[PDB]
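Read off the chains here:
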Amino acid sequence: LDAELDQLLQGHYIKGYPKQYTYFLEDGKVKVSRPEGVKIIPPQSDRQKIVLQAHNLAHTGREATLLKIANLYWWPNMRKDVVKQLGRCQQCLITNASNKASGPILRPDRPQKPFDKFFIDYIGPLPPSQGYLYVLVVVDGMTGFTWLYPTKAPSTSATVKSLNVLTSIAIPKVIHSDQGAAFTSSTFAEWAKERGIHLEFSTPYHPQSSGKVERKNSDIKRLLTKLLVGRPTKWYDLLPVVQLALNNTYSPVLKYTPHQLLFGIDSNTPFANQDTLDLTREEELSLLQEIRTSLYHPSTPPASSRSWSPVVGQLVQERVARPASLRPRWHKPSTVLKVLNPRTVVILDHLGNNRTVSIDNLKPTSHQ
Amino acid sequence: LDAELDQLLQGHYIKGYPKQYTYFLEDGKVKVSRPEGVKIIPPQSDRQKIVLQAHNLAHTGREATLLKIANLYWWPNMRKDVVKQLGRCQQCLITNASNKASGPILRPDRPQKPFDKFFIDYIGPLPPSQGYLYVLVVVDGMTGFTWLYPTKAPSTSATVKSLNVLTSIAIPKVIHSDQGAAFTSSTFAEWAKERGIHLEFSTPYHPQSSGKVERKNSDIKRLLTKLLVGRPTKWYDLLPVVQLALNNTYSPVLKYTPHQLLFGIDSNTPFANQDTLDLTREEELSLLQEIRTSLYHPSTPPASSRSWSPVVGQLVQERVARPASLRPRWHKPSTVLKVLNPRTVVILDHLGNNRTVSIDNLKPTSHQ
Amino acid sequence: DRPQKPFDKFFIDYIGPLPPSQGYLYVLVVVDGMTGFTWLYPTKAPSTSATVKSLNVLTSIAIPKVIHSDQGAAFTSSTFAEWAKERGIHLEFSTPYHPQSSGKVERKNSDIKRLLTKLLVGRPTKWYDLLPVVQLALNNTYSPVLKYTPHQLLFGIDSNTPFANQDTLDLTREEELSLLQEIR
Amino acid sequence: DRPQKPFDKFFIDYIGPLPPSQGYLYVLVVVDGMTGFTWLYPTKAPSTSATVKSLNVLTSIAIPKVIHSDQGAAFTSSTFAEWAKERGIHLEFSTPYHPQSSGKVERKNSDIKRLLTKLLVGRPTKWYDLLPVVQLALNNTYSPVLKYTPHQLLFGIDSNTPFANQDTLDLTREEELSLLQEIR
DNA sequence: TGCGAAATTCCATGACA
DNA sequence: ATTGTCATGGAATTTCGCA
DNA sequence: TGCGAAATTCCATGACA
DNA sequence: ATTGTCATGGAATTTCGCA
Ligand SMILES: O=C(NO)c1cc2c3ccccc3n(Cc3ccc(F)cc3)c2cn1
Ligand SMILES: O=C(NO)c1cc2c3ccccc3n(Cc3ccc(F)cc3)c2cn1
Ligand SMILES: [Mg+2]
Ligand SMILES: [Mg+2]
Ligand SMILES: [Mg+2]
Ligand SMILES: [Mg+2]
Ligand SMILES: [N+]
Ligand SMILES: [N+]
Ligand SMILES: [Zn+2]
Ligand SMILES: [Zn+2]
């Protein structure tokens, strides 16, 4: 502060203050003559207050804050003190947007067998049809084979009724769902345990995670739309048709329909493939086992030029889920406990609870 | 049809049907032995019906439809007949998504002078504050200088009251707005004509077009949010503070605040720039005129690898604005009348009205 | 002649009347001929209507080339014939009073009748809820003749519910008298 | 001494009472010293309160280093002083009974009083609506002494409303008698 | 006539619904 | 008859202080 | 042993809110 | 304690029919 500036005025060299400029006293303040003009050098003990005043005018970032300060003042390493404050402005930290992208997405392995994993989810509400408003969609991970059930609500109770019917056919090892009320209820937990089914949940507010079924929702809605053109939206009676239509549709990259992947032979539907007519069922199942293993699997894409990847101990902020109007879009900083994979983490949320969270709902806290 | 197939069966060469495969009769149908197996060659007069049946199962695109047909049939140039039908399926055309991106955005020139162009727009509704729910935002194009007025509704009448106050200061050549009810009313048209102000409108449902003000909305909401952290959302009393705060904030790329661009000198606000203290006002205005012309202007970015650009006479489809549930996202095909610029067109909408439309709300009709 | 395949033939039949369960009285039984896979559907009556409703569910998963039945009224109605014609399903009937399926199917139908009876006694009214488990049992039951369960033949994989206990299926001395008490 | 600049000094004063217009009675007048630019604000009273409300609008656009006024009650209240202190605005008063501005400002204030009077007669009650146009007039009026209008000096550009008619500003023989009829 | 560090510039990222 | 924009904070690049 | 055209594969684009 | 997906239709590339 005042000692530093004193020793300065009598022409002695201080580290930080270049020796080649002339430093003087005027109006009771230490000044210096810099290329752009004459600036006041405040005593170190005044600088935090100054940076703060500059920052608070519009809660500006690095350069916009600096440009205000440089109008009146000069000192060594101004931006270093600016950044110090930026990293302590609770309001900037929770309100500003991130300018760093998530790391490149994972492409999880395809389930090995039909019935290894289901992905389930609700669609709706839809225009009422026979008093029904939702559709439960169940997608077998390996085959894409899909079952559709109309419901009155996205309830546990309607979920259980429908799956009891479905699982008459086979019981899956795992059911993967999002964190909807329907699937996180303890009634559903019990229903699953009873049958040796393991429940797997998406990280919160991250539908990419149910990508398998979300994507199937698209085809379902899209086909329903086409079939309903110029008629009233009576979708109830079309679910069975849509189900069948989609299970028997080729995926051009795979060159197989989900039905084929499930049974290894077309049923009596239009344009049934006849290629295995001369094989025994056993020979057919043998060629099926082989088809199922050799299916195209996509790989993780290139990272974008400015992505971030989580590191244990990092300060990171979770996205506020349903932010009220004029309220911050981010939670307070929290710490990366465990890095489950490059796109999934456990954080301690300052309360602090453990939360398992997608990096897509995170930003790395700025300015360390 | 039957003549073609007859001449074929007796070993004569027909253009399209390769000579090296054996063609025969069986079960009353013309067959052929192709590498993948034996397929029925239907008579040309049957083919349209077949493609149609295949397509209609799930309203599938090129390859997914072909793969069904190839299960039973073979003929020359199958995909050509498939595509013919795809381009005639009204339901696919209006329901499917586009897989071609818009051409790269335009970066219009900055208005030359303050008051050449205003961009106006409403924000809201917001939590009620003193009985007010919206904010009228007025952004001078050249300077970014912004005026804020609280209103009870996004009405013409509140717009007119506010602008009468604003234009006490200066009258602009042009006011640019979107197609909100407030600005398209004939009462507003009259109010403008009365003052020699020209009204310019964004293409419909394309806020990029009011980008100047939309972007300013962001800063306004963002600063309001920060100031309101941990207090109730009483934003009315903060508009004046926000207005002042933002007009006096540096844009790091420009190195000027909107206030500086408007007046060429800081008023008595914190950290006022003192650089022109020794210039005469006239010398100051001279350096201002020069600063205003040399400001950074961004250029049109590179096109993405699969973009389209509009051509006069092209069949194109306008996006449905507020599509009902399970209803198509596109209007019926319509024709590009005039290409106003590479990102803006006039189309004739089959009714047919002339509409001026952004290419972002268009797709090029598939399969010609 | 080409080898027998799943969806080649579905053998259908009704079982009942049964004691009311959640308002249902009968069971439509569908057995795939090649795999022995069984689907069950609870109905309120052995009508064409109830058959059509039930087969509409099943045929939205897989469509059989041929359905085989006895000459039950529900199956010989021209409505049911109209229904099958719409789906390109050939109908096939056994001659009256002389039902024929195949060994596999006859044996399968026997298991179903016996399995139902065993589980209904003690809880003659709670069978609606039990249909799912009945099916998993039947479909994960080892076929002495083939090396495989119907599950295995339908899907080409082991099941996550292997029914390791080849069960009694016979009435225990207790259940014999419990059944002679329900009829009285 | 450094050259005179916009925002260096704002000269403020009240005009009125006037005939009620939309419930307003007075006009706060603000003139920038260097440019001669004029802002007008309608008030209900010459109070500290109305002055603060009005200057709050203006000072959310530009803040003057110094405000100059006569010793009107509204300007000498300690509330108004408190207000100016908060915005780092130095207050400056002319001595009582001896108002001093500058030639430019005195001349400007004269134009304002005369311009108002001219337009009020015939419509003494409709002046609230006329304030915007009054201002554009005053601010796009050529200064004989400087080569430029206040608009030009404030913004460094020509205006889209140049007031080409250097006007009469004097009362026509008709308006003279029309004004001697309103007072009666 | 070149080094280390600071200052400045560049620019992907995301948000105005 | 019209058309995206620009704060932001790490990283890249340039300039500065000294020799 | 290479040409023109057809078939197949590749893959950016956008949508499941 | 978990993780995007895949129909689509022009364009790129490969294969076919013939020589
Ligand atoms: O099932 C759901 N909740 O229970 C659910 C929630 C959302 C959602 C929320 C906000 C924005 C878009 C959203 N999408 C469409 C989507 C689907 C898949 C993607 F990868 C990306 C987006 C959803 C789908 N399903
Ligand atoms: O002013 C408006 N209507 O009158 C209006 C309408 C929208 C809007 C509609 C749908 C989705 C987003 C939208 N945004 C945010 C936005 C802003 C600028 C962009 F470039 C892109 C998006 C809007 C802003 N303003
Ligand atoms: Mg869901
Ligand atoms: Mg979903
Ligand atoms: Mg708007
Ligand atoms: Mg807007
Ligand atoms: N995986
Ligand atoms: N332009
Ligand atoms: Zn801040
Ligand atoms: Zn179609």
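Residues numbered from 1 in each chain as written, not as in the entry; some residues may be left out. Chains lettered and ligands numbered in written order. Heavy atoms only, no water. Residues with missing side-chain atoms left out of burial classes, pairs and counts.

As stated in the entry header, the method of structure determination is X-ray crystallography and the reported resolution is 2.6600 Å.

A. Representation of the site of ligand 2 in the model. All names here are of chain B. Within the structure, ligand 2 sits among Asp-121, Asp-178, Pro-207, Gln-208 and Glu-214. Contact distances for ligand 2 include 2.8 Å between an oxygen atom and a side-chain N or O atom of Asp-121. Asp-178 is positioned with one of its side-chain polar atoms (N or O) 2.6 Å from an oxygen atom of ligand 2. For ligand 2, the protein covers 37% of the area, taking 510 Å² as the surface of the free molecule. Class assignment for the residues of the shell around ligand 2 results in one nonpolar, one polar and three charged. (Near = heavy atom within 4 Å. Polar contact = N/O pair within 3.5 Å; in protein donor to acceptor, adjacent residues only side chain to side chain. Areas by Shrake-Rupley, 256 points an atom, 1.4 Å probe, with all protein chains shown as cover. Nonpolar A, V, L, I, M, F, W, Y, C, P; charged D, E, K, R; others polar.)

B. Structural detail: the coordination of the zinc ion (ligand 10). Residues and elements named next belong to chain B. Note on the zinc ion (ligand 10): its protein donors are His-55 (NE2), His-59 (ND1), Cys-89 (SG) and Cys-92 (SG). The metal-donor distances range over 2.0 to 2.3 Å. For the zinc ion (ligand 10), the four donor atoms in the first shell make angles of 98 to 120° at the metal, a pattern classed as tetrahedral. Counting the intervening residues between successive donors of the zinc ion (ligand 10) yields the motif H-x3-H-x29-C-x2-C. Placement of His-55 in helix α2 (residues 44–58) and of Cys-92 in helix α5 (residues 90–95) is noted, with a sequence separation of 37 residues between them. With a relative accessible area of 2%, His-55 lands in the buried category. (Donors = N, O, S within 2.8 Å, 3.2 Å for Na, K, Ca; no water. Tetrahedral: all angles 85-135°; square planar, octahedral: opposite > 155°, others 65-115°. Helix = DSSP H or I, 4+ residues; strand = E, 2+ residues; numbered from the N terminus. Buried < 20%, exposed > 50% of the residue type's maximum accessible area, 1.4 Å probe, protein only.)

C. Geometry of the pattern of salt bridges. All names here are of chain D. Under the counting rule described, the total for this entry stands at 36 salt bridges over all chains. Across the salt bridge formed by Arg-114 and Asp-170, the nearest N and O atoms sit 3.4 Å from each other. Taken together, the residues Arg-114 in helix α4 (residues 103–120) and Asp-170 in the loop between α6 (150–155) and α7 (173–182) connect sequence positions 56 residues apart. We classify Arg-114 as partly exposed; its relative accessible area is 37%. (Salt bridge = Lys/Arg side-chain N within 4 Å of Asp/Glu carboxyl O.)

D. Geometry of the arrangement of the chains. By number of contacts, the leading pair among the three pairs of chains in contact is chains A and B. There is no contact between chain B and chain C; across them, the least C-alpha separation is 13 Å. (Contact = heavy atoms within 4.5 Å.)

E. Main features of the site of ligand 1. Residue and element names in this part refer to chain A. In the vicinity of ligand 1, the contacting residues are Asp-121, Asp-178, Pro-207, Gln-208 and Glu-214. Contacts to ligand 1 include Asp-121, whose side-chain N or O atom sits 2.8 Å from an oxygen atom. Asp-178 places a polar side-chain atom, nitrogen or oxygen, 2.6 Å from an oxygen atom of ligand 1. Residue composition of the shell around ligand 1, by class: one nonpolar, one polar and three charged.

F. Just the sheet that holds strand β11 (residues 315–318) of chain A, in detail. Residues and elements named next belong to chain A. Pairing is antiparallel across the open sheet formed by five strands, whose spatial order is β14-β13-β12-β11-β15. Both outer strands of the open sheet, β14 (354–358) and β15 (362–364), are each paired with one neighbouring strand and no more. Strand-to-strand twist of the sheet, defined as the mean angle between neighbouring strand axes without regard to direction, takes the value 45°. Note that strand β13 (residues 344–348) and β14 share five bridges and pair antiparallel. For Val-345, the partnering residue across the bridge sits in β14 and is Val-357. (Pairing = 2+ DSSP bridges. Axes fitted to C-alpha atoms, helices over the stretch in contact; angles between N-to-C directions.)

G. A look at a nonpolar patch on the surface. Residues and elements named next belong to chain C. Nonpolar side chains collect at one region of the surface, where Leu-177, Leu-180 and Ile-183 lie side by side and expose about 340 Å² of accessible area between them. Inspection of the secondary structure puts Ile-183 in the segment after α7 (173–182). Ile-183 gets classed as exposed once you look at its relative accessible area, which sits at 64%. (Patch = residues over 30% accessible without salt bridge, like charges linked within 9 Å, V, L, I, M, F, W, Y side chains within 5 Å.)

H. Here's a closer look at the protein's contact with DNA strand G. With respect to spatial proximity, 19 residues lie near DNA strand G, and among them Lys-221 and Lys-255 of chain A together with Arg-79, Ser-304 and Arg-306 of chain B are the closest. Of everything in DNA strand G that lies within 4 Å of the protein, sugar and phosphate atoms constitute 76%. Here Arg-215 of chain A contributes a backbone N or O atom positioned 3.4 Å from a base oxygen of DNA strand G. Within the side chain of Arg-62 of chain B, a nitrogen or oxygen atom sits 3.2 Å from a base oxygen of DNA strand G. Residue assignment for the surface near DNA strand G shows that the elements contributing at least two residues are α9 (211–228) of chain A together with α3 (62–69) of chain B. Top element by residues in the surface near DNA strand G is α9 of chain A. It accounts for five residues. Class assignment for the residues of the surface near DNA strand G results in two nonpolar, seven polar and ten charged.

I. Spotlight on the domain arrangement of chain A. All names here are of chain A. Split into domains, chain A comes out as domain 1 (5–97), domain 2 (98–105 + 304–365), domain 3 (116–249) and domain 4 (250–295). Taken together, the contacts link nine residues of domain 2 with five residues of domain 3. Summed over both partners, the interface of domain 2 with domain 3 comes to about 510 Å²; 56% of that surface belongs to carbon and sulfur atoms. Of all residues in domain 2, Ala-321, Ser-358 and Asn-361 bury the most surface against domain 3, accounting for 52% of the area lost on that side. (Domains from an automatic or database assignment. Buried area = accessible area lost by both parts, 1.4 Å probe.)

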